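Residue numbers (the working numbering), protein chains in the order written: chain S, 86 to 280; chain H, 189 to 624. Even for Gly, the Cβ is constructed at its ideal location relative to N, Cα and C.
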Amino acid sequence: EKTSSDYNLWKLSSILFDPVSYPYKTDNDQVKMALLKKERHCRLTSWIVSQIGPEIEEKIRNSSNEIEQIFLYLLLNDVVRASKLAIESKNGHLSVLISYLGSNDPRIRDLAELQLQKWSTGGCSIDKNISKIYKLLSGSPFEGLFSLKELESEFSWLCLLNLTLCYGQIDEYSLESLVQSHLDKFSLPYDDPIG
Amino acid sequence: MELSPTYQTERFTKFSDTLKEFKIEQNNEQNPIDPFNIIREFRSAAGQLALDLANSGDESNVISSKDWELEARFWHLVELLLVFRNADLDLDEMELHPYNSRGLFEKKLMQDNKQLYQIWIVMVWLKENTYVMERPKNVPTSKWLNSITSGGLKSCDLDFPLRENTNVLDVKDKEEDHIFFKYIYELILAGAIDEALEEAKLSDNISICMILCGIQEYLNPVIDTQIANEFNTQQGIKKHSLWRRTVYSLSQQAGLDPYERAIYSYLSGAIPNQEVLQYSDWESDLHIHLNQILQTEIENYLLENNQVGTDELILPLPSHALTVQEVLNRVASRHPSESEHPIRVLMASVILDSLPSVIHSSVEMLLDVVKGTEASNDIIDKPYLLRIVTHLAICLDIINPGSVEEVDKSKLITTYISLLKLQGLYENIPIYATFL
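Next comes the structure, spelled out in structure tokens:
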């Protein structure tokens, strides 16, 4: 079946370890090879989102708060539509941060650490989960000052893995080292065959 | 403009020397056919003397100040165009397979396509000539501190100003906003991501600079090695299409200040809202529509490489393909002063491409002045206006005509020689007489 973990196990392995080649040949072999790994990664990231799908969707349905639905979308690749709900619900603040999804930079890290410090010092302090997001963007959510390790307790080890894999340390890392970094911040359960 | 007839003559002498020298070089191949060093020196002189006179603060030195500022620009305009005729670029012969970086495609397209290099060049002229006010008088390290103190805000957060109907301000906070938000917007039209990143951090207004940086793309060697030759680290947001359309939707939200929406409108690639746009000059307004053109071409190619997406369009952008003529008309309704002032009109017609035709009507009146059958026109009541139009025409026709026919150019000179007798200069005349 295509709902089964058996389907998932054979399918995943070709993407991971074997190249997923291009229809052409690049000008330089470090463009050859770089793009080859990035290709594997691209496909993976969307696939994970489809599997985790129904789960996230369920929670979106059961949440009748605009803001909360907006967060739930970002654990997919529903970036598009996350923005769409935010405008409609009269929330500017959520749209601005959503436009930045799909990229990470030294600049973006800088935003994340400073905005948090100014807020929890000059302010009276931002909410628990907003300060958790700052930790995901600075590049250590689980070892971050607000820890997301509690989020295992609501969302599967594969979703947790998803977070670091799409946003944190994407182009400061190769596809190999990137999954490893997540393990050093939070190990996946051992009883998973596919994990 | 004029100080006194004494100040008017001297402008003629600087210009005349530059023109003769250039003419000799162009007709020898033992000398640089197209020289760029002299016009630059002439440029650097007009420019510096402009600024010194303004800063002195006397009324007589400002009026004269305008005339120097115009002069230095004419030299610059001529420079970019002759760089093109004396060397077209055709760089960035990078890949074109449909799977590579947004940035590898962006460089490759811009340099190959002669049409996009010509739009880029024009924009380089416009950007410079956009005005930036003086430095802000505030660098707050807690924003909204007075409402923080009462605790109606959870923090220094902008959640509340993006949720609030009327936009949560205090009297003190409006006084902070106006100086600050006006400088960041002006700064944005004139760029510099590095400068922006450094300031925003101190003024607890960190987010806006990052929005300005999102235009950027990969410049990482790790990703591709053709974009290893421009930075060693990637930059910006690699979902550009999504960022434009969402920011645009955000721009239209109310319970923002006019500035908040205006800032976002520019960052999303729309013309700013009318309240705010009226304090900016003609040049920058025009410039924004040239942005729309340039990026639409880039994204069409991005679409064939199956990168850019149609789903990322959130609230559509307002398309721009307005002419120079429509642009004069919009600017003129907000302030008729840069689009009903004659010099800025001469500049426009270069762009729209009707300068010989517009010159011709003027040229008929002018020949009469020579014949001494006119002496009550507004170009003989403006000595400076005759001087500008003639010199404009000569410079572009040194190699051969680039926007003004020879006939007209000669005819402007004939009248200008007629005037130069009247101002008591007869040494500049034998220079101009050769081009007839």
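Would you identify the three-state DSSP class for residue i, choosing helix, strand or coil?
i, result
"residue 110 (chain S)", "coil"
"residue 514 (chain H)", "helix"
"residue 445 (chain H)", "coil"
"residue 344 (chain H)", "coil"
"residue 140 (chain S)", "helix"
"residue 232 (chain S)", "coil"
"residue 410 (chain H)", "coil"
"residue 523 (chain H)", "coil"
"residue 356 (chain H)", "coil"
"residue 230 (chain H)", "helix"
"residue 528 (chain H)", "coil"
"residue 404 (chain H)", "coil"
"residue 480 (chain H)", "helix"
"residue 581 (chain H)", "helix"
"residue 175 (chain S)", "coil"
"residue 164 (chain S)", "helix"
"residue 247 (chain S)", "helix"
Who are the Cβ neighbours of residue i in its own chain at under 7 Å, not counting the five residues just before and after it?
i, result
"residue 586 (chain H)", "210, 211 and 214"
"residue 203 (chain H)", "579"
How many Å lie between residue i and residue j at the Cα?
i, j, result
"residue 310 (chain H)", "residue 470 (chain H)", "14 Å"
"residue 385 (chain H)", "residue 322 (chain H)", "18 Å"
"residue 192 (chain H)", "residue 239 (chain H)", "19 Å"
"residue 160 (chain S)", "residue 140 (chain S)", "11 Å"
"residue 548 (chain H)", "residue 593 (chain H)", "10 Å"
"residue 516 (chain H)", "residue 230 (chain S)", "55 Å"
"residue 234 (chain H)", "residue 449 (chain H)", "38 Å"
"residue 249 (chain S)", "residue 257 (chain S)", "12 Å"
"residue 267 (chain H)", "residue 620 (chain H)", "21 Å"
"residue 295 (chain H)", "residue 408 (chain H)", "14 Å"
"residue 239 (chain S)", "residue 182 (chain S)", "23 Å"
"residue 608 (chain H)", "residue 573 (chain H)", "13 Å"
"residue 473 (chain H)", "residue 452 (chain H)", "15 Å"
"residue 203 (chain S)", "residue 388 (chain H)", "12 Å"
"residue 267 (chain S)", "residue 399 (chain H)", "28 Å"
"residue 390 (chain H)", "residue 459 (chain H)", "29 Å"
"residue 356 (chain H)", "residue 333 (chain H)", "12 Å"
"residue 88 (chain S)", "residue 137 (chain S)", "12 Å"
"residue 361 (chain H)", "residue 153 (chain S)", "30 Å"
"residue 441 (chain H)", "residue 176 (chain S)", "9 Å"
"residue 576 (chain H)", "residue 531 (chain H)", "8 Å"
"residue 462 (chain H)", "residue 124 (chain S)", "45 Å"
"residue 108 (chain S)", "residue 220 (chain S)", "39 Å"
"residue 466 (chain H)", "residue 102 (chain S)", "59 Å"
"residue 194 (chain H)", "residue 527 (chain H)", "29 Å"
Would a C-beta distance cut-off of 7 Å place residue i and residue j closer than the cut-off?
i, j, result
"residue 378 (chain H)", "residue 318 (chain H)", "yes"
"residue 174 (chain S)", "residue 143 (chain S)", "no"
"residue 241 (chain H)", "residue 249 (chain H)", "yes"
"residue 165 (chain S)", "residue 412 (chain H)", "no"
"residue 129 (chain S)", "residue 145 (chain S)", "no"
"residue 454 (chain H)", "residue 376 (chain H)", "yes"
"residue 434 (chain H)", "residue 259 (chain S)", "no"
"residue 189 (chain S)", "residue 252 (chain S)", "yes"
"residue 457 (chain H)", "residue 432 (chain H)", "yes"
Mind listing the chain S neighbours of residue i? Cutoff is C-beta to C-beta under 7 Å, in chain order.
i, result
"residue 287 (chain H)", "107 and 120"
"residue 499 (chain H)", "165"
"residue 408 (chain H)", "256"
Residues of chain H with a CB under 9 Å from the CB of residue i: which are they?
i, result
"residue 178 (chain S)", "345, 346, 347, 348, 349, 350 and 351"
"residue 185 (chain S)", "398, 399, 402, 425, 427 and 431"
"residue 172 (chain S)", "434, 437, 438, 440, 441, 502 and 503"
Check the Cβ of residue i against every Cβ in chain S and list those closer than 8 Å, keeping chain order.
i, result
"residue 339 (chain H)", "209"
"residue 389 (chain H)", "195 and 199"
"residue 342 (chain H)", "208, 209, 210, 211 and 212"
"residue 395 (chain H)", "181, 196 and 200"
Just to make sure I have the definition right: I need the residues of chain S whose C-beta is within less than 9 Å of the C-beta of residue i. Which are they?
i, result
"residue 465 (chain H)", "Per Cβ cutoff of 9 Å: no residues; residue 465 (chain H) is ~21 Å from chain S at best."
"residue 385 (chain H)", "192 and 195"
Residues in the same chain with beta-carbon distance under 6 Å from residue i, minus the five sequence neighbours each way, listed in chain order, please.
i, result
"residue 198 (chain S)", "223"
"residue 254 (chain H)", "189"
What in chain H is Cβ-close to residue i, meaning under 8 Å?
i, result
"residue 112 (chain S)", "282, 283 and 414"
"residue 168 (chain S)", "430, 434, 437 and 502"
Leaving out five residues on either side along the sequence, give the residues of the same chain with a beta carbon under 8 Å from the beta carbon of residue i.
i, result
"residue 419 (chain H)", "407 and 408"
"residue 242 (chain S)", "273, 274, 277 and 280"
"residue 350 (chain H)", "441, 443 and 444"
"residue 481 (chain H)", "307, 508 and 509"
Applying a beta-carbon distance threshold of less than 7 Å, which residues of chain H neighbour residue i?
i, result
"residue 175 (chain S)", "351"
"residue 115 (chain S)", "413"
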